[PDB]
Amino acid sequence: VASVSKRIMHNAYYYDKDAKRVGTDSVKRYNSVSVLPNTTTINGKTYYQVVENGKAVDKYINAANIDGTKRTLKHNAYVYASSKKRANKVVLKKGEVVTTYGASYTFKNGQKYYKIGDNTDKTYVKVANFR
């Protein structure tokens, strides 16, 4: 079957066609998985169907961990590499659209951050700056 390599942008569990998790393992960022090119919808959410050993299997990865999610900033936001370290001097402005990858991360400061940027760089934005 036709397969395409997709980079995992956020630690992703495997799910079956019933939105229930498959196994205890998880594919870690930023590794690559082979999936079907066209996407599918489970419970309204977008998924990729995993291809293993040349055949499609009952394993699905949430597309938010591959394609991400286009979000709009409601505040001006800095780009962070950790809780206290700034990643650069980029200042994202209110109204700009940014793609975030996967569920938010809780840093050690207690606040929650979104991984941004289609790359492997430690670039995070506070969730409180979105919606």
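One-based numbering along the sequence shown.
J.: In the PDB record, does 18-26 or 112-120 carry the higher mean Cα temperature factor?
T.: Higher of the two, by average CA B-factor, is 18-26.
J.: From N88, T99, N65, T46, which pick has the Cα B-factor that tops the rest in the entry?
T.: Of the candidates given, the C-alpha B-factor peaks at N88.
J.: Going by the deposited entry, which of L92, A103, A81, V50 has the highest CA temperature factor?
T.: Checking the PDB record, the top C-alpha B-factor among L92, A103, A81, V50 is at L92.
J.: Mind checking which third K6 falls in for C-alpha B-factor across the chain?
T.: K6: CA B-factor falls in the lowest third of its chain.
J.: Using the B-factors in the PDB entry, rank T69's C-alpha atom against the chain and give the third, lowest, middle or highest.
T.: For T69, whose C-alpha B-factor we compare with every modelled residue in the chain, the answer is the lowest third.
J.: Going by the entry, which third of its chain does the Cα temperature factor of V35 land in?
T.: Lowest third - that is where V35 ends up once the chain's C-alpha B-factors are sorted.
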